[PDB]
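Residue numbers (the working numbering), protein chains in the order written: chain A, 88 to 365; chain P, 276 to 554; chain W, 276 to 554; chain D, 49 to 101. Backbone N, C-alpha and C fix where the C-beta goes; we use that ideal spot for every residue, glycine too. Worksheet for the structure shown next.
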Amino acid sequence: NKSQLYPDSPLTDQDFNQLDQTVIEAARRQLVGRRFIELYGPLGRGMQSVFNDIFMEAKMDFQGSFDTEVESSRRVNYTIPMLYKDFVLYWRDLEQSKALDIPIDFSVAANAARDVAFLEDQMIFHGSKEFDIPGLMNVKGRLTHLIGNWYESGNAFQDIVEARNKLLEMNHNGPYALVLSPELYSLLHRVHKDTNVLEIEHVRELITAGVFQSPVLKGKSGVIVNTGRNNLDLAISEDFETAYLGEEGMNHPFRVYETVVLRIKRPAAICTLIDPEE
Amino acid sequence: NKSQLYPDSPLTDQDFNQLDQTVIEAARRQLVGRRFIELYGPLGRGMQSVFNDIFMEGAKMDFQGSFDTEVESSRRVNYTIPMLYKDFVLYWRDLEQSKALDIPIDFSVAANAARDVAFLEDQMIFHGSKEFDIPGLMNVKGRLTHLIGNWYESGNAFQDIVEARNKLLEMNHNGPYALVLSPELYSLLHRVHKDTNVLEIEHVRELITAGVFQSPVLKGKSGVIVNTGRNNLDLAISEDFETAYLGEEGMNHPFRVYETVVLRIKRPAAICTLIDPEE
Amino acid sequence: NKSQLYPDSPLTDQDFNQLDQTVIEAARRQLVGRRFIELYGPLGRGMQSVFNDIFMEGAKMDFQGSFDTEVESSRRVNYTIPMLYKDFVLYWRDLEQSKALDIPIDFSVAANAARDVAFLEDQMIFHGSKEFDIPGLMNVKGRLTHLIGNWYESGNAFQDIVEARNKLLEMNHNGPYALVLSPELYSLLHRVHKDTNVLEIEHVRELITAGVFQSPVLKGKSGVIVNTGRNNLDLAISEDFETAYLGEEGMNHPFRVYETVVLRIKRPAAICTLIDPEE
Amino acid sequence: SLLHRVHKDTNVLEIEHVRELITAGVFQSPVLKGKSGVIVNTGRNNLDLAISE
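Here's what the structure looks like:
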């Protein structure tokens, strides 16, 4: 397939395959949001916009009635953004490696992969200002809750129970996912008093799903979200891809890119734990 | 193979293959530097110098695109590959008795030479070599130093580690980190921490996530935290451990072991060093 | 054995198999030292003496190497192999009664003798033989002694073990460690470890990583921690446990058992001892 | 939610003993508003449900 899209690229097909594998491998480790969120199928290049319906928040009788009742959907429109990063190579080193029969080195692309992954995660968690795309901690009706000291007495279990209670009352049940800062993640390994087990073991039983930490969150904070389709979804247009720009001088420049957006239908499936001091 | 390469060697290939294993195992048990550093592929015999690039200094989001690219300061430099070696000696009278009585031969000596050559490699990796002007991890520029308080108290170490983590995070090196400490500091972590009833090492390992190691080469109140992965640090090796006959001096048979390695650091800002106060 | 080597014997070939099986089964359980020490291959009866080289406590880098060879010095000593034996006697009237009544015979005395000789072997290994002038583990030059106090109040035992491991690590000896203690110290460790809520023995076992054993040879408060490895220590066995029939006596049949072994300690620095406090 | 607290000096959770006594499981429904509980003996004869379609 390659060497047809880019006839002028000095790199051969096998080298291109190695470059692509190295690029994807670095991102595979770094990506964390996709673990508990589904994904919409690739839509191609035909669409540059998407439509989302937001739901902010019978008939028991005998056979009969001739009418239809529907509820409002609050239709809104979104635009897909683009993220890119680039790197450069040289010619004398490639010639020397070809002469000495030594495999080529592609170390630089790892930095670009890490940087684009760290921006995709931040865009998912906090949103984008220019396109007015809401973030997980910015949606209205997010059902906030307040936390207390976690250093002593093991109040983490009670806080988790109280947080789950509000969702249970609002009738959102099923699998839950909890994401918290590394500082709070560390403290969970303390022993539970009068039981002598680790509180993380007790919390896992209620959570019934993976508990992970992310560097994007800075202060002491956390989020618990009900996990299912028709509550939130991720729509991708183009996956991670690498292109070769026109050569200038004697060197060769490259670039990477991908396009993705997020949609949230039901704002009431999420709960946010806030520190009183924060 | 070896019998053809060395015709006048007294030892046969059956002994030579065993000697190779005895040499390699001692080095494997004694090398700590290679634990968290990647290795460049063996370049070959026909090279003695390498080139290094020092940047010494975020992704873009747009709708239409961009009409320009971005670059950085290469600052290319050149380095040369040194060699290290050590030697041992066998005796002929002992060999004669073993050959006569069918007793197994002994190859204990090679382990000491392997251990000694590994020790010097560790020392060069940590401190650095003056003769060839190759900088080391401890003394390189842009080390992003940090300071520590009294660790005899229970809770100071955790806060000190968190502060260094934040310093690296603001400097935008985010990823797995590896920590190397002196034996004195490593011992102190094995103490009961109050208010949690758990040893401090368990808490520290949750944040480090890549292991903690201790090395005797450091001398008192020192430590280093380095962001792992390639594109920041690398090790270039041309010829690995090897053993060679040396001649027939007197009636005895001498052998030698040799290896060549070098170290490269591309981005200096990754390394952070903790230093003691009132030094 | 096989009834051809020993004619004129009352016991039959099939019963000789039971006798040797009982002897080896009894001998196996009572030996502790052979668990963590390697064994030199049997030499046959050809050799009656051995040689030992005692090192008793550097590499250089050059672009092209040097024209000279340097080797480390050592000291050579000679050792002789002692013999250990014990004997037991059977009776004829019981054998005749067993033949008449078709009742299986008993061989408890062989097991008792095996236990006694096994105890003597461990005594010799731990304390040494003055007559043959062979040193032992407890009394050697350069054993890196340490002083222990208290050991009644919970974590004090853990602290001493940590400090001893630190001293062993300081001399560039990092590896699996083997700890041997007296029965009283073995019993004392079972108490809970203060506020950690877990038993103290588990942490010591995790640190040691090669297991902890107790021996009745040690009398009071005594402990030894040794680095394992082929080069540090070795055991040379001339012949294993064997049974011999001396010959008829005044209507009774006597037997004996014998075995021959010796110990070599190449590097003294590895061993560390926890000497008792003022006594 | 209230049952999740520890059972005094028994050192185990209170919910486990209730589950052992009940032996058929405990469920929660949003239909009940305040403080309400129902305990029923299972069996074919006691109750039945008839579904037309």
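Residue i versus the options, residue with shortest Cα-Cα distance
{"i": "P:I512", "options": "P:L286, P:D295 and P:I312", "result": "P:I312"}
{"i": "P:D290", "options": "P:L508, P:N276, P:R303 and P:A301", "result": "P:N276"}
{"i": "W:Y452", "options": "W:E459, W:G498 and W:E428", "result": "W:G498"}
{"i": "A:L176", "options": "A:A356, A:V312, A:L321 and A:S96", "result": "A:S96"}
{"i": "W:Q305", "options": "W:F338, W:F363 and W:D397", "result": "W:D397"}
{"i": "A:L319", "options": "A:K280, A:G222, A:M147 and A:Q183", "result": "A:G222"}
{"i": "W:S348", "options": "W:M399, W:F330 and W:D337", "result": "W:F330"}
{"i": "D:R53", "options": "A:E249, A:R115, A:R132 and A:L255", "result": "A:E249"}
{"i": "A:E217", "options": "P:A485, P:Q372, P:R303 and P:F338", "result": "P:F338"}
{"i": "P:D391", "options": "W:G340, W:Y360 and W:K335", "result": "W:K335"}
{"i": "P:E534", "options": "P:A393, P:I500 and P:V501", "result": "P:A393"}
{"i": "P:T344", "options": "A:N236, A:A355, A:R342 and A:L92", "result": "A:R342"}
{"i": "A:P302", "options": "P:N449, P:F363 and P:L376", "result": "P:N449"}
{"i": "A:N258", "options": "A:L187, A:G128, A:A355 and A:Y93", "result": "A:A355"}
{"i": "W:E459", "options": "W:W426, W:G340, W:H468 and W:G504", "result": "W:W426"}
{"i": "residue 555 of chain P", "options": "W:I436, W:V346, W:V415 and W:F401", "result": "In this structure chain P extends from 276 to 554, so residue 555 of chain P is not present and cannot be described."}
{"i": "P:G340", "options": "A:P168, A:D140 and A:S152", "result": "A:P168"}
{"i": "P:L314", "options": "P:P529, P:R505, P:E553 and P:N441", "result": "P:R505"}
{"i": "P:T471", "options": "A:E239, A:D326, A:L206 and A:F244", "result": "A:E239"}
{"i": "W:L376", "options": "W:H421, W:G424 and W:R368", "result": "W:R368"}
{"i": "A:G306", "options": "A:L267, A:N338 and A:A200", "result": "A:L267"}
{"i": "P:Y281", "options": "P:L549, P:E523 and P:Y461", "result": "P:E523"}
{"i": "residue 367 of chain A", "options": "A:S184, A:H339, A:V312 and A:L304", "result": "No answer is possible for residue 367 of chain A: it lies beyond the span of chain A, which begins at 88 and ends at 365."}
{"i": "A:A200", "options": "A:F299, A:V312, A:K280 and A:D107", "result": "A:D107"}
{"i": "A:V195", "options": "A:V110, A:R161, A:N242 and A:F153", "result": "A:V110"}
{"i": "P:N431", "options": "P:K442, P:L463, P:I380 and P:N414", "result": "P:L463"}
{"i": "A:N164", "options": "A:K185, A:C358 and A:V137", "result": "A:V137"}
{"i": "A:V290", "options": "A:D246, A:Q300, A:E325 and A:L181", "result": "A:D246"}
{"i": "W:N527", "options": "W:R310, W:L443, W:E371 and W:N414", "result": "W:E371"}
{"i": "residue 270 of chain P", "options": "P:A301, P:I380 and P:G308", "result": "This structure gives no information on residue 270 of chain P, because the portion of chain P shown stretches from 276 to 554."}
{"i": "P:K442", "options": "P:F433, P:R309 and P:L419", "result": "P:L419"}
{"i": "W:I400", "options": "W:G308, W:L474 and W:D381", "result": "W:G308"}
{"i": "A:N225", "options": "A:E365, A:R122, A:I357 and A:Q91", "result": "A:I357"}
8 Å Cβ cut-off: residues of chain D touching residue i
{"i": "A:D281", "result": "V54 and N59"}
Contacts that residue i makes with chain A (C-beta to C-beta distance below 9 Å)
{"i": "P:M446", "result": "Here the premise fails: no neighbours, minimum Cβ distance about 13 Å."}
{"i": "D:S84", "result": "The contacting residues do not exist; D:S84 stays about 15 Å from chain A at best."}
{"i": "D:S49", "result": "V248, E249, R251, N252 and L255"}
{"i": "P:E475", "result": "Those within 9 Å of P:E475 in chain A number zero; the least Cβ separation is about 11 Å."}
Proximal chain P residues relative to residue i, where beta-carbon distance stays under 8 Å
{"i": "A:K172", "result": "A334 and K335"}
{"i": "A:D202", "result": "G333 and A334"}
{"i": "A:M134", "result": "Neighbours of A:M134 on chain P: none; closest Cβ ~15 Å, over 8 Å."}
{"i": "A:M169", "result": "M336, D337, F338 and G340"}
Beta-carbon neighbours of residue i, restricted to chain P and to distances below 9 Å
{"i": "W:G316", "result": "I378 and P379"}
Contact list for residue i against chain A, beta-carbon separation under 7 Å
{"i": "P:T344", "result": "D173 and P340"}
{"i": "P:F311", "result": "Going along chain A, no residue has its Cβ under 7 Å from P:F311, so there is no contact; the nearest lies around 16 Å."}
Partner residues on chain A for residue i, Cβ-Cβ distance less than 8 Å
{"i": "P:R505", "result": "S194 and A197"}
{"i": "P:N449", "result": "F205 and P302"}
Contacts that residue i makes with chain P (C-beta to C-beta distance below 7 Å)
{"i": "A:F212", "result": "Those within 7 Å of A:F212 in chain P number zero; the least Cβ separation is about 14 Å."}
{"i": "A:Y238", "result": "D470"}
{"i": "A:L304", "result": "Result: empty, since nearest Cβ-Cβ is about 12 Å, beyond 7 Å."}
{"i": "A:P269", "result": "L482"}
Partners in chain W for residue i, counting only beta-carbon separations shorter than 9 Å
{"i": "P:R480", "result": "Here the premise fails: no neighbours, minimum Cβ distance about 14 Å."}
Per-residue contacts from residue i into chain W (C-beta, under 8 Å)
{"i": "P:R304", "result": "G450"}
message = Extract the residue ranges of the beta strand (DSSP E) inside the region 241 to 317 of chain A, only unbroken runs of 3 or more that lie entirely within it.
response = 263 to 267, 298 to 300 and 308 to 313
task = May I ask you to verify whether the region 536 to 551 of chain W touches the region 410 to 425 of chain W, counting CB pairs closer than 8 Å and requiring at least 3?
result = yes
task = Please specify which runs of the beta strand (DSSP E), each continuous and at least 3 residues long, are wholly inside the region 284 to 366 of chain P, giving them in chain order.
result = 324 to 328, 335 to 337, 351 to 355 and 358 to 365
inquiry  = Using a Cβ distance threshold of 8 Å, determine whether the region 63 to 81 of chain D contacts the region 518 to 529 of chain W, with at least three qualifying pairs required.
reply    = no
query = Going along the region 506 to 522 of chain P in order, which residues come within less than 8 Å of chain W, judged by CB to CB distance?
reply = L521
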